[PDB]
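One chain is shown next in structure tokens, namely the form deposited in one PDB entry.
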């Protein structure tokens, strides 16, 4: 798999602060912004909801969670996003085996603390709860970030 460069961007981003005095581990939107900036990918800005509005407008949607991991394995940046009535959430999908044969591995920060956070060993199915996890949208960037 080709996602090593995406995984490195995640590791470096974890301790950065996109927002002043707010570590990226406590801010899902900020975390994805730092990941995107290292990879050189223009990313819709704002909070999670605002980010999802932008991804819906300008990024290709993937069919399934299974497909998202394949595209990640092929070195594409893939964002998992879902709007809330109050607050949404965003995560970076990485490659690897699928939890419960459905839900891809991911990296994400969260204001919720450890329960919301993932460093690549929680799936999206362990970050979002049992009702939200089957509602997820997976967006892929037009160009692969990692090469050979």
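Numbering follows the first chain given and starts at 1.
Although it is not shown, the form deposited with a partner chain bound is what the next lines describe.
Although the partner is absent here, residue 99 sits close enough that one of its heavy atoms falls within 4.5 Å of the partner chain in the entry with it bound. Within this chain, residue 42 is remote from the site of the partner chain in the entry with it bound, having no heavy atom within 4.5 Å. At the 4.5 Å threshold, heavy atoms of residue 127 reach the partner chain in the entry with it bound. Within this chain, residue 67 is remote from the site of the partner chain in the entry with it bound, having no heavy atom within 4.5 Å.
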